[PDB]
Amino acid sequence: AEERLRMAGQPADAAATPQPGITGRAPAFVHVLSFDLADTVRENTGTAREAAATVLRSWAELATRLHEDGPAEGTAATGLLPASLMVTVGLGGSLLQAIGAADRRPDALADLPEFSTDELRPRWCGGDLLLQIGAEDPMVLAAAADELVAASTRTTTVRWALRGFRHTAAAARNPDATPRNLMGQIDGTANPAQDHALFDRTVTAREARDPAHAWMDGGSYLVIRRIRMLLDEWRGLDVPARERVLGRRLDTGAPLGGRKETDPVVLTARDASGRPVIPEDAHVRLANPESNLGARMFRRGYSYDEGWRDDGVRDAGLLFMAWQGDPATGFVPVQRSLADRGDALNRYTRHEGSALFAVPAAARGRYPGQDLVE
């Protein structure tokens, strides 16, 4: 009962680094918003930089109030508990271009490459600025998102936005169990544990050798992918076929040759026929760090459901979010493996949006990106 109620009844840890929204338990709901600087503030790099400073300071001041007290009285969230409300601010490479700070762009903020399976909509890609807003309650989330967007109106425009969800802690039979996605799969098993030195090695940017790039010291890079799931096709597969696509069992989450969710995926194991226990094209084989020269990431994603598009196909799937110190040793080589080496999951998924954001560490009395912008 205590763990069923904790997420909805407690505030987030506002001191979590680099910013709230990476460590700790992930709340049940997310709103991911990508913003562009308004066309009216782009006369020159100076007017763009002043706009960026205005909105980043405004968001930081409001985030501090939201973390400490919640959405104000007179909002949709009046009368509700803090529900683990957390606000994360991210900066796109395009922001640095727009404000005349190209020489401050770290190598890790390089644009993501195209991949062979991309079906990306340009209006769902990129963005100068990111807000990731999380909460255990949708009304707390809605009230915070409304306030934060209102603070941005004169300097920015919403480029794209997506709401996502997981199960709520209150509805979990076992509150410590790994969540499932819309394909019914246990989702998150192989993430590095947060109390582990592997977590910081995976998530935190490498200390800059160029002081122009040191504004990202202690920060992390977020890759977002909007991945539609082909759920009608997936529904046609029986359970053994679904498990062959993934490499893990649907009921237990165990690797196909194991017995428990936490048993290791043994990529060298062979069955009685001499063929691999984990199929050659199984998702967990091709995504494994062992298949990618050690590339690793922290996946903290959400499901989304946008209803039905005009052609009648369901638009629902995975709001994929991966955290790493450098996309070149995380998302990028792994996604190249999935795209080029024939991940069986490619038959049931479509990457339709994409963005990369730099998420700097919080600093006392300073707003995210201040030492970049000012």
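Note that residue numbering begins at 1 and tracks the sequence as displayed.
The deposited model assigns a higher average Cα B-factor to 199 to 207 than to the other stretch when 199 to 207 and 161 to 169 are compared. For the segment pair 65 to 73 and 41 to 49, the entry gives 65 to 73 the higher mean B-factor, averaged over Cα atoms. In the deposited entry, the Cα temperature factor of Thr329 sits in the top third of values across the chain's modelled residues. The deposited CA B-factor of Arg248 belongs to the lowest third of values across its chain. Per the deposited record, the Cα B-factor of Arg105 falls in the middle third when ranked against the other modelled residues of its chain.
In the PDB entry, a CA B factor belonging to the middle third of its chain's modelled residues is recorded for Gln19. For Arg225, the recorded CA temperature factor ranks within the lowest third of the chain's modelled residues.
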